[PDB]
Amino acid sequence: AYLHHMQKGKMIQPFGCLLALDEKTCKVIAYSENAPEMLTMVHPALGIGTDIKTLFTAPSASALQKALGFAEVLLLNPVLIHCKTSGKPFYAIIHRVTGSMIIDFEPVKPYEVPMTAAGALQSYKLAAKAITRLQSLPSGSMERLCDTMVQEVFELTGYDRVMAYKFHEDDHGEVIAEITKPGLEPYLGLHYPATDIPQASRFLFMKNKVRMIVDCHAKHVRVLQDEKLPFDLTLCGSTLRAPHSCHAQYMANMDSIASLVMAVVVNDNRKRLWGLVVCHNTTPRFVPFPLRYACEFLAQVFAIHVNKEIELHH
């Protein structure tokens, strides 16, 4: 049941909006219900069949159309687009599922637009400096390694709590490293049942390496697809995918209103989800795609060092 509903990904978070385009026509075959309000100023309305040249400025529309010609692995994200009518800017984060191109749109502040390259370099520079400090660490201690990683992620991301959450051989988890703002209740050293993080969630982390939830109380937005399609599209690769209601309740229950989670995959391309780097915030929190992208590489390097320490232990 979990996997069915998570793969389809028909509910999104309202911080952004989603379009899916047919690779052959470049026209809209799915949209989140908030996309008309976000991307247009409601003389044709955004719906099934819409041409993106009516939605975005010419260079923006062209950048999205040109993306159709890249293999997933060669897509360079994000694209900064401007809406045609309003001029409103968004980062467009593109992924592919077979013959569909799925696009997440996350708003950008106006003053961020001239600074887009600057901010991207700075985010990656900070992450690269973290990586050099991971590398500097004396080997032999998983604990020092994980302590360092949670400290670096805390400084980079500005969340109230950062944990290293390790999966044991029976799939139960343990918090093995933690940093928090002063005053928060610690979870360090605590163990949690396997069923707190279902198989389906662990499976998706193998492919979707960074997952952000801005506000667990936010009202989810439905995605509508072309009625002509005789199957459901798979939208689980979206950056905006809404949390399952069980998990949103779980978050509300522990006063983690926002989260950012990074998969830690050892022997990645023996390939195994070692654990998660789990960031929580007491209040809503959004971090822009370039920083999340930089975090993904920091987590990849961490995973290499984790596996080194495992082998040094064995």
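Basically, rigid core = biggest C-alpha set you can superpose within 1.5 Å across the two forms. Position 1 is the first residue in the sequence shown; the rest follow in order.
*Asks:* Please pick 171-179 or 229-237, whichever has its Cα atoms farther from the shown form in 5 other deposited structures of this protein after a rigid core fit.
*Replies:* With the rigid core superposed, the C-alphas that lie farther in 5 other deposited structures of this protein are those of 229-237.
*Asks:* Rigid core fitted first, then name the stretch among 111-119 and 211-219 whose C-alphas deviate most from the displayed form in 5 other deposited structures of this protein.
*Replies:* Checking 111-119 against 211-219 in 5 other deposited structures of this protein, I find the farther stretch is 111-119.
*Asks:* Is it true that at least a third of the other compared entries have no coordinates for residue 54?
*Replies:* Across the other compared entries, residue 54 is absent from none.
*Asks:* How about residue 37: is it missing in a third or more of the other compared entries?
*Replies:* No, residue 37 has coordinates in all the other entries compared.
*Asks:* Checking chain continuity here. Are there deposited residues lacking coordinates between residue 269 and residue 270, and if so is it 1 to 3, 4 to 9, or 10 or more (or none)?
*Replies:* Going from residue 269 to residue 270, the model skips 10 or more residues of the deposited sequence.
*Asks:* Between residue 42 and residue 43, how many residues of the deposited sequence have no coordinates in this entry: none, 1 to 3, 4 to 9, or 10 or more?
*Replies:* The entry has a gap there, with 4 to 9 residues left out between residue 42 and residue 43.
*Asks:* Given the B-factors recorded for C-alpha atoms, which segment has the greater mean, 279-287 or 43-51?
*Replies:* The stretch with the larger average C-alpha B-factor is 43-51.
*Asks:* Please compare 93-101 with 204-212 and name the stretch with the higher mean C-alpha B-factor in the deposited structure.
*Replies:* Comparing 93-101 with 204-212, the higher mean C-alpha B-factor belongs to 204-212.
*Asks:* Which of these has the highest Cα B-factor in the record: 106, 160, 174, 169?
*Replies:* Of 106, 160, 174, 169, 169 has the highest C-alpha B-factor.
*Asks:* Per the entry, which of 196, 178, 155, 232 tops the list for Cα B factor?
*Replies:* Across 196, 178, 155, 232, the entry lists the biggest C-alpha B-factor for 196.
*Asks:* Ordered by C-alpha B-factor within the chain, which third holds residue 300? Give me lowest, middle or highest, please.
*Replies:* Answer is middle: the recorded C-alpha B-factor places it there.
*Asks:* Is the Cα B-factor recorded for residue 239 in the lowest, middle or highest third of its chain?
*Replies:* It falls in the bottom third of the chain.
*Asks:* Of the three thirds of its chain by CA temperature factor, lowest, middle or highest, which one includes residue 142?
*Replies:* As the PDB entry reports it, the C-alpha B-factor of residue 142 lands in the highest third of its chain.
*Asks:* Which third, lowest, middle or highest, does the C-alpha temperature factor of residue 182 belong to within its own chain?
*Replies:* Highest third.
*Asks:* Test of reading the entry: by CA B factor among the chain's modelled residues, which third contains residue 257?
*Replies:* Residue 257: CA B-factor falls in the middle third of its chain.
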